[PDB]
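Trainee: Input: one structure, supplied below.
Every read-out reported here was derived from the displayed coordinates using simple, explicitly stated rules and does not represent laboratory data. All Cβ positions, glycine included, derive from the backbone under ideal geometry; neighbour counts span all protein chains shown.
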Amino acid sequence: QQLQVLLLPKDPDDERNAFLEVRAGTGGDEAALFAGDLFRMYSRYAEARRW
RNA sequence: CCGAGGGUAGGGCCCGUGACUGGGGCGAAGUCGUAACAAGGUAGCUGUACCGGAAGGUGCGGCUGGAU
Ligand SMILES: [Mg+2]
Ligand SMILES: [Mg+2]
Ligand SMILES: [Mg+2]
Ligand SMILES: [Mg+2]
Ligand SMILES: [Mg+2]
Ligand SMILES: [Mg+2]
Ligand SMILES: [Mg+2]
Ligand SMILES: [Mg+2]
Ligand SMILES: [Mg+2]
Ligand SMILES: [Mg+2]
Ligand SMILES: [Mg+2]
Ligand SMILES: [Mg+2]
Ligand SMILES: [Mg+2]
């Protein structure tokens, strides 16, 4: 497998720490309920990589 | 003399436009309370007046399109 050289495009803020905010939308307290469901999911993902 | 029209001045109407402002219509979700529909938890509605974040409240009279 000839690994295609992916070392051509550079990136400034690619390794920097990131702010993440989740906001509820359409559907009243149901979307608010899901914004926690998205946040735990990103919490499981952050701790799974020692973040 | 009249006279197209030009000029000066002052009015009337209509249209476009204007910092800003007043409310109105619409919204798969927001905040605050819950005024009305049951006696809707203070029966409701009403003209008027005063008042209150807001639905609204209270006064004076009126109607029943008011339960028991
Ligand atoms: Mg003459
Ligand atoms: Mg003339
Ligand atoms: Mg003339
Ligand atoms: Mg406006
Ligand atoms: Mg009332
Ligand atoms: Mg009520
Ligand atoms: Mg009532
Ligand atoms: Mg009154
Ligand atoms: Mg006031
Ligand atoms: Mg106040
Ligand atoms: Mg009062
Ligand atoms: Mg009365
Ligand atoms: Mg009468």
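Trainee: Quick test of your reading of the structure: A:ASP13 fulfils all but one of (1) exposed (fewer than 10 other Cβ atoms within 10 Å of the Cβ); (2) more than 15 Å from the chain's Cα centre (by Cα). Name the failing condition by number.
Mentor: (2)
Trainee: Further, regarding this structure: Only one of (1) surrounded by 10 or more Cβ atoms within 10 Å (Cβ to Cβ); (2) more than 18 Å from the chain's Cα centre (by Cα) is not met by A:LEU3, so which one is it?
Mentor: (1)
Trainee: For the stretch A:17-29, give me the residue count where each residue is more than 7 Å from RNA strand B (Cβ to nearest atom) and either closer than 19 Å to A:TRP51 by Cα or surrounded by 10 or more Cβ atoms within 10 Å (Cβ to Cβ) (or both). Spell out how you get there, then give the answer.
Mentor: From the stretch A:17-29, those more than 7 Å from RNA strand B (Cβ to nearest atom) are A:17-23; that's our starting set.
Right, trim to either closer than 19 Å to A:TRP51 by Cα or surrounded by 10 or more Cβ atoms within 10 Å (Cβ to Cβ) (or both) and you get A:17-22.
Of the residues in the stretch A:17-29, 6 are more than 7 Å from RNA strand B (Cβ to nearest atom) and either closer than 19 Å to A:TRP51 by Cα or surrounded by 10 or more Cβ atoms within 10 Å (Cβ to Cβ) (or both).
Trainee: What number of residues within the stretch A:30-51 are charged (D, E, K, R), closer than 21 Å to A:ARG16 by Cβ and not in a loop (DSSP other than H, G, I, E, B)?
Mentor: 1
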